[PDB]
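final_5.pdb follows (PDB, C-alpha atoms and all ligand atoms):
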ATOM      1  CA  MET P   1       6.382  -2.054  29.726  1.00  0.00           C
ATOM      2  CA  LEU P   2       4.718  -2.993  26.365  1.00  0.00           C
ATOM      3  CA  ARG P   3       3.624   0.618  25.541  1.00  0.00           C
ATOM      4  CA  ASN P   4       3.641   0.199  21.751  1.00  0.00           C
ATOM      5  CA  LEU P   5       1.967   3.250  20.141  1.00  0.00           C
ATOM      6  CA  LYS P   6       2.047   5.038  16.753  1.00  0.00           C
ATOM      7  CA  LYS P   7       3.193   8.712  16.361  1.00  0.00           C
ATOM      8  CA  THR P   8       0.572  11.501  16.991  1.00  0.00           C
ATOM      9  CA  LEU P   9      -2.696  10.734  15.231  1.00  0.00           C
ATOM     10  CA  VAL P  10      -6.280  11.998  15.521  1.00  0.00           C
ATOM     11  CA  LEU P  11      -9.291   9.793  14.566  1.00  0.00           C
ATOM     12  CA  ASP P  12     -12.576  10.979  13.020  1.00  0.00           C
ATOM     13  CA  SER P  13     -16.143   9.683  13.598  1.00  0.00           C
ATOM     14  CA  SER P  14     -15.857   7.804  10.248  1.00  0.00           C
ATOM     15  CA  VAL P  15     -12.939   5.701  11.663  1.00  0.00           C
ATOM     16  CA  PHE P  16     -15.311   4.404  14.381  1.00  0.00           C
ATOM     17  CA  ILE P  17     -17.883   3.751  11.634  1.00  0.00           C
ATOM     18  CA  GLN P  18     -15.763   1.505   9.312  1.00  0.00           C
ATOM     19  CA  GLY P  19     -14.183  -0.738  12.034  1.00  0.00           C
ATOM     20  CA  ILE P  20     -10.614   0.596  11.721  1.00  0.00           C
ATOM     21  CA  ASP P  21      -8.568  -0.499  14.740  1.00  0.00           C
ATOM     22  CA  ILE P  22      -6.039   2.350  15.156  1.00  0.00           C
ATOM     23  CA  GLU P  23      -4.615   4.506  18.031  1.00  0.00           C
ATOM     24  CA  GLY P  24      -4.509   8.287  18.695  1.00  0.00           C
ATOM     25  CA  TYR P  25      -6.982  10.872  20.065  1.00  0.00           C
ATOM     26  CA  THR P  26     -10.821  11.222  19.726  1.00  0.00           C
ATOM     27  CA  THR P  27     -13.112  14.278  19.971  1.00  0.00           C
ATOM     28  CA  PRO P  28     -15.560  14.239  22.927  1.00  0.00           C
ATOM     29  CA  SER P  29     -17.666  16.457  20.648  1.00  0.00           C
ATOM     30  CA  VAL P  30     -18.222  13.760  17.979  1.00  0.00           C
ATOM     31  CA  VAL P  31     -18.801  10.897  20.407  1.00  0.00           C
ATOM     32  CA  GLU P  32     -21.896  12.678  21.697  1.00  0.00           C
ATOM     33  CA  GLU P  33     -23.424  12.141  18.196  1.00  0.00           C
ATOM     34  CA  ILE P  34     -22.269   8.464  17.940  1.00  0.00           C
ATOM     35  CA  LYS P  35     -25.601   6.589  18.472  1.00  0.00           C
ATOM     36  CA  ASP P  36     -24.924   3.171  16.808  1.00  0.00           C
ATOM     37  CA  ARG P  37     -23.684   0.055  18.697  1.00  0.00           C
ATOM     38  CA  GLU P  38     -20.626  -0.884  16.575  1.00  0.00           C
ATOM     39  CA  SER P  39     -19.265   2.677  16.627  1.00  0.00           C
ATOM     40  CA  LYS P  40     -20.011   2.876  20.394  1.00  0.00           C
ATOM     41  CA  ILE P  41     -18.687  -0.430  21.762  1.00  0.00           C
ATOM     42  CA  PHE P  42     -15.592  -0.191  19.532  1.00  0.00           C
ATOM     43  CA  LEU P  43     -14.824   3.478  20.411  1.00  0.00           C
ATOM     44  CA  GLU P  44     -15.475   2.966  24.188  1.00  0.00           C
ATOM     45  CA  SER P  45     -13.374  -0.257  24.235  1.00  0.00           C
ATOM     46  CA  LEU P  46     -10.355   1.313  22.435  1.00  0.00           C
ATOM     47  CA  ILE P  47     -10.716   4.279  24.831  1.00  0.00           C
ATOM     48  CA  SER P  48     -10.747   1.940  27.847  1.00  0.00           C
ATOM     49  CA  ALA P  49      -7.822  -0.053  26.304  1.00  0.00           C
ATOM     50  CA  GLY P  50      -5.932   3.313  26.100  1.00  0.00           C
ATOM     51  CA  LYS P  51      -5.645   3.036  22.308  1.00  0.00           C
ATOM     52  CA  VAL P  52      -7.416   6.414  22.007  1.00  0.00           C
ATOM     53  CA  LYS P  53      -7.557   9.398  24.461  1.00  0.00           C
ATOM     54  CA  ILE P  54     -10.142  12.242  24.720  1.00  0.00           C
ATOM     55  CA  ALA P  55      -9.223  15.649  23.212  1.00  0.00           C
ATOM     56  CA  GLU P  56     -11.333  18.558  21.838  1.00  0.00           C
ATOM     57  CA  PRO P  57      -9.582  21.431  19.891  1.00  0.00           C
ATOM     58  CA  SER P  58      -8.675  25.023  20.753  1.00  0.00           C
ATOM     59  CA  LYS P  59     -10.805  27.891  19.389  1.00  0.00           C
ATOM     60  CA  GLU P  60      -7.909  29.133  17.257  1.00  0.00           C
ATOM     61  CA  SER P  61      -7.798  25.643  15.675  1.00  0.00           C
ATOM     62  CA  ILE P  62     -11.518  25.850  14.729  1.00  0.00           C
ATOM     63  CA  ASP P  63     -10.915  29.411  13.432  1.00  0.00           C
ATOM     64  CA  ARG P  64      -7.964  28.052  11.310  1.00  0.00           C
ATOM     65  CA  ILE P  65     -10.418  25.893   9.310  1.00  0.00           C
ATOM     66  CA  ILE P  66     -12.740  28.937   8.985  1.00  0.00           C
ATOM     67  CA  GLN P  67      -9.853  30.983   7.454  1.00  0.00           C
ATOM     68  CA  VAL P  68      -8.939  28.603   4.644  1.00  0.00           C
ATOM     69  CA  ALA P  69     -12.631  27.476   4.365  1.00  0.00           C
ATOM     70  CA  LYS P  70     -13.942  31.041   3.787  1.00  0.00           C
ATOM     71  CA  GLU P  71     -11.153  31.423   1.191  1.00  0.00           C
ATOM     72  CA  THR P  72     -12.313  28.227  -0.655  1.00  0.00           C
ATOM     73  CA  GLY P  73     -16.015  29.238  -0.248  1.00  0.00           C
ATOM     74  CA  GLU P  74     -17.867  26.630   1.830  1.00  0.00           C
ATOM     75  CA  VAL P  75     -17.033  28.216   5.216  1.00  0.00           C
ATOM     76  CA  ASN P  76     -19.627  26.674   7.567  1.00  0.00           C
ATOM     77  CA  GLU P  77     -21.255  24.335   5.018  1.00  0.00           C
ATOM     78  CA  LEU P  78     -19.196  21.518   6.691  1.00  0.00           C
ATOM     79  CA  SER P  79     -20.407  19.641   9.788  1.00  0.00           C
ATOM     80  CA  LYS P  80     -19.174  20.553  13.276  1.00  0.00           C
ATOM     81  CA  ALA P  81     -17.552  17.125  14.011  1.00  0.00           C
ATOM     82  CA  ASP P  82     -15.671  17.494  10.691  1.00  0.00           C
ATOM     83  CA  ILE P  83     -14.223  20.906  11.614  1.00  0.00           C
ATOM     84  CA  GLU P  84     -13.558  19.771  15.247  1.00  0.00           C
ATOM     85  CA  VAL P  85     -11.429  16.672  14.405  1.00  0.00           C
ATOM     86  CA  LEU P  86      -9.496  18.377  11.590  1.00  0.00           C
ATOM     87  CA  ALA P  87      -8.782  21.505  13.680  1.00  0.00           C
ATOM     88  CA  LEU P  88      -7.425  19.518  16.621  1.00  0.00           C
ATOM     89  CA  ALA P  89      -4.890  17.639  14.468  1.00  0.00           C
ATOM     90  CA  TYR P  90      -3.749  20.943  12.901  1.00  0.00           C
ATOM     91  CA  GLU P  91      -2.967  22.256  16.423  1.00  0.00           C
ATOM     92  CA  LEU P  92      -0.899  19.094  17.029  1.00  0.00           C
ATOM     93  CA  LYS P  93       0.546  19.147  13.452  1.00  0.00           C
ATOM     94  CA  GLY P  94       0.357  15.311  13.813  1.00  0.00           C
ATOM     95  CA  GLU P  95      -1.904  13.117  11.674  1.00  0.00           C
ATOM     96  CA  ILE P  96      -5.585  12.373  10.877  1.00  0.00           C
ATOM     97  CA  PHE P  97      -7.651   9.354   9.836  1.00  0.00           C
ATOM     98  CA  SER P  98     -10.983   9.730   7.948  1.00  0.00           C
ATOM     99  CA  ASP P  99     -12.731   8.827   4.601  1.00  0.00           C
ATOM    100  CA  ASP P 100     -15.152  11.628   3.632  1.00  0.00           C
ATOM    101  CA  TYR P 101     -15.218  13.744   0.456  1.00  0.00           C
ATOM    102  CA  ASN P 102     -14.952  17.130   2.265  1.00  0.00           C
ATOM    103  CA  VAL P 103     -12.769  15.792   5.124  1.00  0.00           C
ATOM    104  CA  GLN P 104     -10.210  14.627   2.538  1.00  0.00           C
ATOM    105  CA  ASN P 105     -10.249  17.996   0.745  1.00  0.00           C
ATOM    106  CA  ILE P 106      -9.890  20.182   3.881  1.00  0.00           C
ATOM    107  CA  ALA P 107      -6.820  18.238   5.135  1.00  0.00           C
ATOM    108  CA  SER P 108      -5.469  18.503   1.546  1.00  0.00           C
ATOM    109  CA  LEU P 109      -5.684  22.376   1.347  1.00  0.00           C
ATOM    110  CA  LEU P 110      -4.484  22.550   4.995  1.00  0.00           C
ATOM    111  CA  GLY P 111      -1.342  20.532   4.115  1.00  0.00           C
ATOM    112  CA  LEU P 112      -1.952  17.931   6.883  1.00  0.00           C
ATOM    113  CA  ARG P 113      -0.889  14.328   6.102  1.00  0.00           C
ATOM    114  CA  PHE P 114      -3.675  11.809   6.746  1.00  0.00           C
ATOM    115  CA  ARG P 115      -4.865   8.250   5.965  1.00  0.00           C
ATOM    116  CA  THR P 116      -8.006   7.203   4.146  1.00  0.00           C
ATOM    117  CA  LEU P 117      -9.835   4.020   3.109  1.00  0.00           C
ATOM    118  CA  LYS P 118     -10.155   1.476   0.307  1.00  0.00           C
ATOM    119  CA  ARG P 119     -12.967   3.024  -1.616  1.00  0.00           C
ATOM    120  CA  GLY P 120     -12.291   4.282  -5.186  1.00  0.00           C
ATOM    121  CA  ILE P 121     -15.530   5.620  -6.777  1.00  0.00           C
ATOM    122  CA  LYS P 122     -19.145   5.715  -5.472  1.00  0.00           C
ATOM    123  CA  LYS P 123     -20.612   8.230  -8.023  1.00  0.00           C
ATOM    124  CA  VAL P 124     -17.727  10.185  -9.638  1.00  0.00           C
ATOM    125  CA  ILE P 125     -15.941   9.349 -12.978  1.00  0.00           C
ATOM    126  CA  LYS P 126     -12.411   9.791 -14.400  1.00  0.00           C
ATOM    127  CA  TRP P 127     -11.578  12.711 -16.765  1.00  0.00           C
ATOM    128  CA  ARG P 128      -8.664  13.668 -19.133  1.00  0.00           C
ATOM    129  CA  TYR P 129      -9.168  17.034 -20.887  1.00  0.00           C
ATOM    130  CA  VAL P 130      -8.933  20.750 -19.963  1.00  0.00           C
ATOM    131  CA  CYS P 131      -9.977  23.943 -21.795  1.00  0.00           C
ATOM    132  CA  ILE P 132      -7.284  26.683 -22.019  1.00  0.00           C
ATOM    133  CA  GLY P 133      -9.184  29.879 -21.171  1.00  0.00           C
ATOM    134  CA  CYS P 134     -12.007  29.106 -18.728  1.00  0.00           C
ATOM    135  CA  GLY P 135     -10.216  25.903 -17.565  1.00  0.00           C
ATOM    136  CA  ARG P 136     -13.287  23.708 -17.950  1.00  0.00           C
ATOM    137  CA  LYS P 137     -12.756  20.038 -17.186  1.00  0.00           C
ATOM    138  CA  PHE P 138     -13.908  17.387 -19.691  1.00  0.00           C
ATOM    139  CA  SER P 139     -13.737  13.580 -19.725  1.00  0.00           C
ATOM    140  CA  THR P 140     -14.055  13.502 -23.543  1.00  0.00           C
ATOM    141  CA  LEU P 141     -12.933  15.677 -26.457  1.00  0.00           C
ATOM    142  CA  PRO P 142     -15.864  18.034 -27.363  1.00  0.00           C
ATOM    143  CA  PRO P 143     -16.579  18.757 -31.101  1.00  0.00           C
ATOM    144  CA  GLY P 144     -13.487  20.426 -32.665  1.00  0.00           C
ATOM    145  CA  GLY P 145     -11.947  19.810 -29.211  1.00  0.00           C
ATOM    146  CA  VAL P 146     -12.964  23.401 -28.294  1.00  0.00           C
ATOM    147  CA  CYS P 147     -14.712  24.650 -25.143  1.00  0.00           C
ATOM    148  CA  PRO P 148     -18.583  24.668 -25.142  1.00  0.00           C
ATOM    149  CA  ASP P 149     -18.176  27.325 -22.341  1.00  0.00           C
ATOM    150  CA  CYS P 150     -15.582  29.799 -23.674  1.00  0.00           C
ATOM    151  CA  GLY P 151     -14.725  28.731 -27.291  1.00  0.00           C
ATOM    152  CA  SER P 152     -11.016  28.189 -26.416  1.00  0.00           C
ATOM    153  CA  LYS P 153      -9.040  25.093 -27.423  1.00  0.00           C
ATOM    154  CA  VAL P 154      -9.090  21.953 -25.218  1.00  0.00           C
ATOM    155  CA  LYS P 155      -5.920  19.918 -24.469  1.00  0.00           C
ATOM    156  CA  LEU P 156      -5.031  16.666 -22.663  1.00  0.00           C
ATOM    157  CA  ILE P 157      -3.892  16.559 -18.986  1.00  0.00           C
ATOM    158  CA  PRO P 158      -2.043  14.073 -16.679  1.00  0.00           C
ATOM    159  CA  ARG P 159      -3.575  11.510 -14.233  1.00  0.00           C
ATOM    160  CA  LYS P 160      -6.366  12.558 -11.835  1.00  0.00           C
ATOM    161  CA  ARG P 161      -4.316  11.969  -8.673  1.00  0.00           C
TER     162      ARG P 161
HETATM  163 ZN    ZN H   1     -13.293  27.123 -21.698  1.00  0.00          ZN
END

Could you take the file, read its structure, and then write that structure out as structure tokens?
Ligand SMILES: [Zn+2]
Amino acid sequence: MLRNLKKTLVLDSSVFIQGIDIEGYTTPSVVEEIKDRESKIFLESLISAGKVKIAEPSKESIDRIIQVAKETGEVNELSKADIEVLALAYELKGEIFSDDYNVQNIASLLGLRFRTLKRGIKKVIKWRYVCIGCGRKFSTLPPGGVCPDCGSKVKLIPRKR
């Protein structure tokens, strides 16, 4: 009776920060660090409403992030909650919800489909030019349109996204 639910989905700490009513699983790891009132009452209520169920990842799932992470460089430079949520969803091959700069990247290189929020920029810029040699990014054409880092020519590129 009346058991509407989405497909598999895992929710991050940040989802309980913004006020995003959604369903799925939550990490008993991250909730230990959730000290606010909004992000408590909301999380606990959705839990008790059976919108979200408790699940922490397998070790191999954590180690999965470590593999691709040590290949991209920042291996443990990411927070534990971050790794924990992401890992779990990769074991389920389901879905994720978050809106962090690293969280977005990791799910990207891991190939896992996720949702994120209506922000757009909070410090970053657009850009539109690329060196051909050292592959340096530019937002403008340098003098001669040549690379102040390798001397090679610079050319235009497609959209950021
Ligand atoms: Zn260059």

Dump as a tab-separated table the rows for residues of chain P within 10 Å of ligand ZN 1 (chain H): closest atom pair and distance in Å with one decimal, all atoms listed in the file counted, ordered by chain and rising residue number.
residue	atom	partner	partner_atom	distance
P:130	CA	H:ZN1	ZN	7.9
P:131	CA	H:ZN1	ZN	4.6
P:132	CA	H:ZN1	ZN	6.0
P:133	CA	H:ZN1	ZN	5.0
P:134	CA	H:ZN1	ZN	3.8
P:135	CA	H:ZN1	ZN	5.3
P:136	CA	H:ZN1	ZN	5.1
P:137	CA	H:ZN1	ZN	8.4
P:138	CA	H:ZN1	ZN	10.0
P:146	CA	H:ZN1	ZN	7.6
P:147	CA	H:ZN1	ZN	4.5
P:148	CA	H:ZN1	ZN	6.8
P:149	CA	H:ZN1	ZN	4.9
P:150	CA	H:ZN1	ZN	4.0
P:151	CA	H:ZN1	ZN	6.0
P:152	CA	H:ZN1	ZN	5.3
P:153	CA	H:ZN1	ZN	7.4
P:154	CA	H:ZN1	ZN	7.5

Q | Pick from P:62, P:156, P:30, P:5, whichever lies nearest to residue 91 of chain P using all atoms listed in the file | A | P:62

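A straight line drawn from atom CA of residue 93 of chain P to atom CA of residue 64 of chain P is 12.5 Å long.
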
**Q.** Picked residues, the PyMOL selection byres (((chain P and resi 75) around 12) and not hetatm), expected as a VMD selection string
**A.** chain P and resid 62 to 74 76 to 80 83 102 106

(Q) I'd like the residues picked by the PyMOL selection byres (((chain P and resi 116) around 7) and not hetatm) written out as a PyMOL selection string, using the chain letters and numbers from the file. (A) chain P and resi 97-99+114-115+117

Q: Grab the atom CA of residue 101 of chain P to atom CA of residue 18 of chain P distance for me, in Å with one decimal place.
A: 15.1 Å

Q: Give me the residues within 10 Å of residue 12 of chain P as a PyMOL selection string, counting only C-alpha atoms and dropping any in the same chain fewer than 4 places off.
A: chain P and resi 16-17+25-27+30-31+81-82+84-86+96-100+103

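When all atoms listed in the file are used to measure the gap to residue 107 of chain P, the shortest distance among P:127, P:90, P:143, P:122 belongs to P:90.
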
**Q.** the PyMOL selection byres (((chain P and resi 4) around 12) and not hetatm) resolved against shown file, as number ranges by chain
**A.** P: 1-3, 5-7, 22-24, 50-51

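Comparing P:109, P:157, P:54, P:43 by their smallest distance to residue 28 of chain P, the closest is P:54 (using all atoms listed in the file).
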
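Relative to atom CA of residue 40 of chain P, atom CA of residue 92 of chain P is found at 25.3 Å.
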
Q | Selected residue of minimal separation from residue 29 of chain P among P:158, P:57, P:94, P:144, counting only C-alpha atoms | A | P:57

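For the choices P:14, P:142, P:21, P:60, the atom-to-atom distance to residue 42 of chain P is smallest for P:21 when using all atoms listed in the file.
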
Q: Find the residue from P:13, P:139, P:105, P:8 that sits nearest to residue 159 of chain P; use only C-alpha atoms when measuring.
A: P:139
